[PDB]
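Everything on this sheet refers to the single structure shown next.
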Amino acid sequence: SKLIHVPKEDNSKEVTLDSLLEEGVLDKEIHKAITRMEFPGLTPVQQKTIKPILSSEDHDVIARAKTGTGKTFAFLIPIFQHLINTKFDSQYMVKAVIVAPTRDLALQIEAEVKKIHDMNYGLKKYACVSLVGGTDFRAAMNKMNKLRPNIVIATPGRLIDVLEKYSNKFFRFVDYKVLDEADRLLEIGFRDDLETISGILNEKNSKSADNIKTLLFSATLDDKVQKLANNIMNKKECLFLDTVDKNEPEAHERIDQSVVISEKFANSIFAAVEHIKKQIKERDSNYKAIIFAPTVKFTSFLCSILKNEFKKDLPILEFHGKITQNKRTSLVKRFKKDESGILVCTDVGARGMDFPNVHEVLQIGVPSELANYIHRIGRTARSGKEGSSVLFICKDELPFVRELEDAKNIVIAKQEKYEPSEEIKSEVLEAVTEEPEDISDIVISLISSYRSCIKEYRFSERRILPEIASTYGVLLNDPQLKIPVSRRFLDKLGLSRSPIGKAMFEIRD
RNA sequence: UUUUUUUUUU
Ligand SMILES: Nc1ncnc2c1ncn2[C@@H]1O[C@H](COP(=O)(O)OP(=O)(O)O)[C@@H](O)[C@H]1O
Ligand code: ALF
Ligand SMILES: [Mg+2]
């Protein structure tokens with residue numbers, strides 16, 4: 001299919017809510033809802049996408065725009081307009097399906113639809129239901145039946161669950177599907193799900209297999225995503241609407257990025273603690289920050305340390321995929337409203353989540369994928385606000401920083417070294433209540449996460465894996481102590497003949 | 001001794 005590039009333009013005419021109303025693109029009812037939100041104007045991605053999405057041209061749309069620049073309303077506004085344009089046709093049926101890679105993001109998008117409803121009660125007739133895992137299936141279906149929604153927001157697993165059973169009842173008249181965080185949804189482990197979803201919707205569509213228009217949105221995408229999305233794009237033309245220059249870095253330029261380089265992975269823990277201590281003092285506890293970590297077990301560990309250090313000064317919130325969904329949703333609601341606090345999380349929170357007025361993003365170690373560096377730091381400096389980010393890594397993780405330069409043109413100007421005092425080490429370690437077995441579990445989770453990104457980040461296996469493993473000895477305050485394991489466990493890892501394995505583990509069988 | 005997410009509360 002024919003890809004049509006519409007690159008970034010400097011001196012193009014400003015599109016406004018009024019201009020779109022006057023032009024007949026937007027109806028008064030959606031104009032009213034968005035005007036009442038009192039935004040200074042429409043963001044660049046909103047100006048670029050609203051009219052093309054609503055065009056009668058037989059095309060799909062790909063849109064790229066930086067983190068926090070209003071991509072959500074860029075698709076929600078034209079979706080609502082479509083519902084108004086076709087309001088007397090198939091009025092009890094789902095016309096738009098929006099898919100997101102995390103449950104909390106799907107639920108946030110639903111909350112944004114409700115904000116549109118609250119600014120104009122006349123839009124409540126275009127109802128919305130979320131279909132996400134970790135919620136009661138029957139309760140959600142009762143809501144589908146009661147509200148007969150025109151908009152569904154979903155995560156892939158639960159959507160497939162519902163579609164296998166109820167595609168005929170609600171989904172035979174879909175006109176749009178949206179992949180939010182599109183590049184994430186087309187990686188391995190989501191791509192097959194999106195192809196399943198797309199196939200069902202196309203097969204069940206009452207008009208034709210190519211009726212559905214597909215919209216892809218992300219801060220991180222290019223021409224390669226069209227290839228990955230080939231099996232789910234129906235139309236003969238695809239419009240690529242880009243608000244970022246070809247060679248311009250995808251990271252938001254307003255973020256003051258820095259990197260703090262330690263000799264050892266574990267030292268990044270002490271560096272982050274001292275950094276947070278300094279920010280709390282200098283800002284007089286007026287501090288809202290998000291700190292990312294590589295694994296669930298390490299995130300939980302890091303939370304314990306930060307509570308011991310800082311619970312007297314700020315709330316510390318624990319956010320990852322093993323937190324119950326009820327608690328995930330409640331903590332997201334709280335951290336959205338709170339003026340201060342520290343959110344400690346995995347990449348479950350890297351993309352999409354909009355927590356207003358976060359001052360700083362912190363990272364201990366590397367993200368789960370290169371693109372998530374851009375999204376992680378993009379949790380700050382949203383909707384025209386300022387922000388800073390600090391990457392805490394060890395020397396053996398430096399090839400990640402080089403890959404950011406080579407692959408994404410991201411060059412972090414501020415770089416500094418860190419070495420922990422014996423005082424901070426004692427302070428942090430003495431409060432740790434985890435047993436050795438728990439510490440082993442935590443460090444092993446890190447070994448596995450780092451092993452999976454060696455190729456992508458061009459790490460030296462022989463250096464990074466022993467360094468990560470040595471965290472066990474650092475945390476137990478004995479640097480020659482290796483991780484005690486069995487022979488069969490070493491065999492499962494495939495390291496029973498490796499010198500790398502001998503450096504990491506002691507066969508205490 | 002589940003590396004980040006992602007149905008199985010259908
Ligand atoms: N036109 C606008 N002007 C200012 N802020 C906006 C505008 N549109 C949306 N926002 C706000 O910007 C924030 C980030 O939007 P979001 O859609 O989450 O960003 P993205 O999806 O591009 O990362 C939200 O709080 C949203 O309400
Ligand atoms: F691009 Al986003 F939250 F969707 F930063
Ligand atoms: Mg978004």
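Basis for what follows: all heavy atoms, side chains included, without hydrogens, waters or symmetry-related copies. Sequence lines set the chain letters: A, B, ... in the order given, protein chains first and strands last, and positions in each chain run from 1.
Contact annotation for A/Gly133: backbone-only contact, meaning every heavy-atom pair under 4.0 Å involves sugar-phosphate atoms and none involves a base. Within the 4.0 angstrom heavy-atom criterion, base atoms lie near A/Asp136. Within 4.0 Å of A/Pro294, counting heavy atoms only, lie sugar-phosphate atoms of the nucleic acid but no base atom. Heavy atoms of A/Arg158 sit under 4.0 angstrom from primed sugar atoms or phosphate atoms, though from no base atom.
In this structure, A/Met141 and A/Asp441 both approach RNA chain B, and ranking their closest nucleotides by distance from the 5' end singles out A/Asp441.
Relative to the side chain of A/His320, the nucleotides B/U10, B/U6, B/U5 differ in distance, and B/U5 lies closest. Of the candidates B/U4, B/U10, B/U3, B/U3 carries the atom nearest the A/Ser452 side chain, counting heavy atoms from C-beta on. The A/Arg103 side chain lies nearest to B/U8 when the options are B/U1, B/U8, B/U5.
Judged by ring centres under 5.5 angstrom and plane angles under 30°, B/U4 stacks onto its neighbour B/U5.
For the pair A/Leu185 CG and B/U4 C1', the interatomic distance rounds to 14 Å; values are reported in whole Å. The CG-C1' distance, from A/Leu131 to B/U7, rounds to 11 Å in whole Å. The CG-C1' distance, from A/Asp180 to B/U6, rounds to 15 Å in whole Å. Regarding A/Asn372, its CG atom lies at a distance of 18 Å from the P atom of B/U3, rounded to whole Å. The distance between atom CD1 of A/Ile464 and atom P of B/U3, rounded to the nearest whole Å, is 17 Å. Atom-to-atom, CZ of A/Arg376 to P of B/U4 comes out at 12 Å; the value is rounded to the nearest Å. Between the CG atom of A/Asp347 and the P atom of B/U6 there is a distance of 12 Å, given to the nearest Å. A/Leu159 has its CG atom 10 Å from the P atom of B/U7, to the nearest Å.
Side-chain to base pairing of A/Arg351 with B/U4: no donor and acceptor N or O lie closer than 3.5 Å to each other.
Put simply, A/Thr346 has a side-chain N or O that comes within less than 4.0 Å of OP1 or OP2 on B/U5. The phosphate of B/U7 has OP1 or OP2 within less than 4.0 Å of a side-chain N or O from A/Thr155. When the side-chain nitrogen and oxygen atoms of A/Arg138 are compared with OP1 and OP2 of B/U7, none of them lie within a distance under 4.0 Å.
A/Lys235 and A/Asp60 make their closest contact through N-OD2, 3.1 Å (heavy atoms, listed as atom of the first residue, atom of the second, distance).
In this view, A/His252 satisfies the ring-ring contact (aromatic ring centres under 6.0 Å, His included) rule with no residue, not counting sequence neighbours.
Looking at heavy atoms from C-beta onward, A/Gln108 lies out of side-chain contact with A/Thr329 at the 4.5 angstrom threshold.
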Table please: side-chain donor-acceptor pairs of residues 91-98 of chain A below 3.5 Å, with sequence neighbours left out.
| from | atom 1 | to | atom 2 | distance (Å) |
| --- | --- | --- | --- | --- |
| A/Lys95 | NZ | A/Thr86 | O | 2.7 |
| A/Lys95 | NZ | A/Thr86 | OG1 | 2.7 |
| A/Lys95 | NZ | A/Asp89 | O | 2.7 |

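The distance between the ring centers of A/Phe270 and A/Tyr418 does not fall below 6.0 angstrom.
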